[PDB]
Amino acid sequence: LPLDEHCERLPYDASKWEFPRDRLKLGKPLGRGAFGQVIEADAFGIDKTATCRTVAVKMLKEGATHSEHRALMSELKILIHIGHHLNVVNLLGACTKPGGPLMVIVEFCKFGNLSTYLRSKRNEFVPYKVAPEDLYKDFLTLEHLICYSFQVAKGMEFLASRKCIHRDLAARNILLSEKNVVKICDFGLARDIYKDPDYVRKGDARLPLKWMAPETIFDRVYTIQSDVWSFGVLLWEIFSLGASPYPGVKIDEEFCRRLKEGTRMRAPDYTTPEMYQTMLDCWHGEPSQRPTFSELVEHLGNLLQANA
Ligand SMILES: COc1cc(Oc2ncnc3cc(OC)c(OC)cc23)ccc1CC(=O)Nc1cnn(C(C)C)c1
């Protein structure tokens, strides 16, 4: 019973969210996308009185039509409804007044998307830091990876509590901020899905096939439990340190049939046995038999305390 299916009836409280365009200094593009783009900006006093703050701004670009403008307004309304959590990109304000573009402003996440980050830090990884050598080196450890996994499950549990589902959960839609904080986001229109190899043609649409549950590919069913399936794929990207899923597999009709029958990915190179078992559990063929995000939160939190 998803709330994000009927956004047009959600409210936009201008008196709280509206940010004056003259207090926003636009900077360099962080994207670009197809019909949308994300831009780095400096917002004056958006969340603390008279304080400059770097922010990320989503807006449309040349090629967008009034239908993308309606879609970005629905996105702003769903961000307001969802609200704030440490592990979700938090909405700071918006510019919706006539005479300028619609702009959605969110907190800036310094290190960008998790997929690119883990791939760039693949060489700087040690399962456990051993004293004294590694003590002053900023290496990625098994603890960090379990911690990112835990934070994404916490953010997903929060989203599910708001009666929302993601539909495109993947490491490319996770951002990394300071103090090892990860935030779920959705680039949407600001990602060029027509240039991106993670999106495969399926009818008239470009879909993230490698992250979709069998009931999504075959029956077009999207639920919180299909997001659990994508979470399992996200765990594989994390413990492969940013590798692309199903390596060497041609993403065609045969791949979908093999998946539907119970064929799964082998363990990634940096996983622990229990993290691989968590992946298999997220990839149960029956959606009801997959763990919930609340169960994943408890399990990953226990694993984090056991890894210490
Ligand atoms: C302005 O809005 C966005 C900005 C984004 O990009 C970035 N945001 C922050 N910092 C960044 C730093 C970067 O490099 C340093 C960056 O390099 C490419 C992109 C950055 C990504 C997505 C959105 C909109 C969005 O998440 N909408 C949405 C709808 N539903 N939900 C639910 C909660 C899942 C989320």
Side-chain angles (χ1 to χ4, degrees), residues 2 4-5 7 10 12 17 19 24 26-31 33-43 46-47 53-61 68 71-96 101-120 151-178 181-193 195-196 198 208 211 222 224 226-227 230-231 234 293:
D4 43 46
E5 297 243 274
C7 307
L10 257 33
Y12 176 64
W17 297 103
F19 192 64
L24 195 65
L26 267 57
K28 70 189 180 176
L30 294 163
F35 297 132
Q37 50 182 333
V38 179
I39 309 302
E40 193 185 305
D42 196 79
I46 196 156
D47 54 27
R53 167 173 254 232
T54 304
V55 297
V57 180
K58 185 172 177 171
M59 62 183 279
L60 302 172
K61 52 175 286 307
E68 287 72 51
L72 182 62
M73 182 59 56
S74 287
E75 174 168 1
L76 168 57
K77 291 167 172 180
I78 206 68
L79 283 167
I80 293 166
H81 166 79
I82 292 168
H84 55 271
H85 182 275
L86 181 66
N87 302 119
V88 169
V89 69
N90 297 319
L91 177 72
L92 295 176
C95 305
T96 71
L102 167 51
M103 302 168 112
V104 178
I105 308 152
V106 310
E107 67 187 315
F108 183 69
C109 298
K110 204 182 177 182
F111 297 102
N113 83 91
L114 193 64
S115 186
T116 310
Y117 181 79
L118 293 186
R119 179 70 198 93
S120 75
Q151 286 182 73
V152 180
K154 285 280 271 180
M156 285 306 301
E157 181 190 45
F158 173 79
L159 288 179
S161 84
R162 293 268 82 210
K163 290 163 181 270
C164 295
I165 67 161
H166 196 290
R167 304 177 175 87
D168 190 12
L169 186 59
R172 64 185 171 276
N173 281 329
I174 303 303
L175 301 163
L176 172 68
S177 193
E178 287 167 289
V181 175
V182 289
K183 288 171 194 279
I184 299 168
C185 71
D186 186 358
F187 282 85
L189 275 44
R191 168 176 289 114
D192 199 337
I193 60 159
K195 288 221 188 93
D196 200 323
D198 289 347
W211 284 264
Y222 291 89
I224 201 59
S226 51
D227 274 354
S230 303
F231 182 77
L234 189 141
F293 283 110

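Remember, it's 1-based here, ligands and their atoms both numbered in the order they're listed. One-based numbering along the sequence shown. Side-chain atoms are counted along with the backbone in the values below, which use heavy atoms only and exclude waters and symmetry mates.
- Considering backbone and side-chain atoms together, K58 places no N or O closer than 3.5 Å to any N or O of ligand 1.
- Residue contacts with ligand 1, taken as heavy atom pairs separated by less than 4.0 Å, involve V38 solely via side-chain atoms from C-beta onward.
- Of the candidates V106, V89, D4, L175, it is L175 that places a heavy atom closest to atom 7 (C) of ligand 1.
- The pair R172-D196 fails the salt-bridge criterion, with no side-chain N (NZ, NE, NH1 or NH2) lying under 4.0 Å from an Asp/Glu carboxylate O.
- Between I184 and ligand 1, a contact under 3.5 Å exists for no N or O pair.
- The two residues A94 and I105 come nearest to each other via the heavy atoms N-CD1, 4.0 Å.
- Within ligand 1, the atoms closer than 4.0 Å to a non-hydrogen atom of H166 are 34 (C), numbered from 1 in the order shown.
- Residue-level proximity to ligand 1 for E107 is carried by the backbone, the only part with a heavy atom below 4.0 angstrom.
- Checked by atom type and distance alone, the side chain of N87 never pairs as donor or acceptor with a backbone atom of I184 at under 3.5 Å.
- Minimum interatomic distance between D4 and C7 (heavy atoms only, all atoms of both residues): O-SG, 3.2 Å.
- Ligand 1 places these atoms under 4.0 Å from at least one heavy atom of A56: 1 (C), 7 (C), 8 (N), 9 (C), 10 (N).
- Looking at every heavy atom in both residues, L76 comes nearest to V104 through CB-CG2, 4.1 Å.
- Residue-ligand proximity, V104 to ligand 1, at heavy-atom distances under 4.0 Å covers atoms 1 (C).
- For ligand 1, the atoms lying closer than 4.0 Å to a non-hydrogen atom of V88 are 33 (C).
- The distance criterion of under 3.5 Å between nitrogen or oxygen atoms is not met by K110 with respect to ligand 1.
- In terms of modelled atom types and a separation under 3.5 Å, the side chain of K110 and the main chain of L176 share no donor-acceptor contact.
- Annotation for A41 and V57: closest pair CB-CG2, 3.7 Å, computed over non-hydrogen atoms.
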